[PDB]
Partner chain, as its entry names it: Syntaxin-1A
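First, one chain by itself in structure tokens, the form deposited without its partner chain.
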């Protein structure tokens, strides 16, 4: 009920290759982050383990929209012996030309995930090589970061 918006992405894991693929599909219902009434959203993806940010990716920026479509794919190298102990963090931010780009909200999937986040990750693991798309509710960074730290 924090009213930040939602993000849709797919997950795919290939155990033999250790290839983890995340496709950022779209976000909707995003919080307004600029005085014009809109936002300029882009998405960051972090691969994490044990409180440490290991790798990062980011999408292009969409201007002046609360319902951006991306369709941008990213891949990480995670060995099968480690895939159950990592997190994938997905953050939507508002781009501002000057000043800190503030997060709208974020979610993570993987180790220590719960609810729909755990469901998505478990679905990915249960179906090697198969891409699984799912919606997630964005959550305030204060709360998500406390779980990741």
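Residues that one form lacks are left out of the comparison. Numbering follows the first chain given and starts at 1. Here the rigid core means the biggest group of C-alpha atoms that line up within 1.5 Å when the two forms are laid on top of each other.
Beyond what is shown, the protein has a form solved in complex with its partner chain; the following relates to that form.
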- request: May I ask whether 20, 21 and 69 each come within 4.5 Å of its partner chain in the deposited complex, counting any non-hydrogen atom?
  value: no
query: Going by a heavy atom distance of 4.5 Å, is residue 122 a contact of its partner chain in the deposited complex?
result: yes
query: Are any of the heavy atoms in residue 115 no more than 4.5 Å from a heavy atom of its partner chain in the deposited complex?
result: yes
- request: Classify residue 84 as contacting or not contacting its partner chain in the deposited complex by the rule of any non-hydrogen atom within 4.5 angstroms, answering yes or no.
  value: yes
- line: A Cα shift of 2 Å or more between this form and the one not shown, after fitting the rigid core, is seen among 85, 53, 32, 100 only at 100
message: With a change of at least 3 Å, which way does the C-alpha separation between residue 63 and residue 101 go in the deposited complex: closer or farther?
response: farther
- prompt: Versus the form shown, are the CA atoms of residue 101 and residue 76 closer or farther apart in the deposited complex, given a shift of 3 angstroms or more?
  reply: farther
- prompt: Fitted on the core, where are the consecutive stretches (at least 3 residues) whose C-alpha atoms all shift 2 Å or more between this form and the one not shown?
  reply: 33-37, 97-101
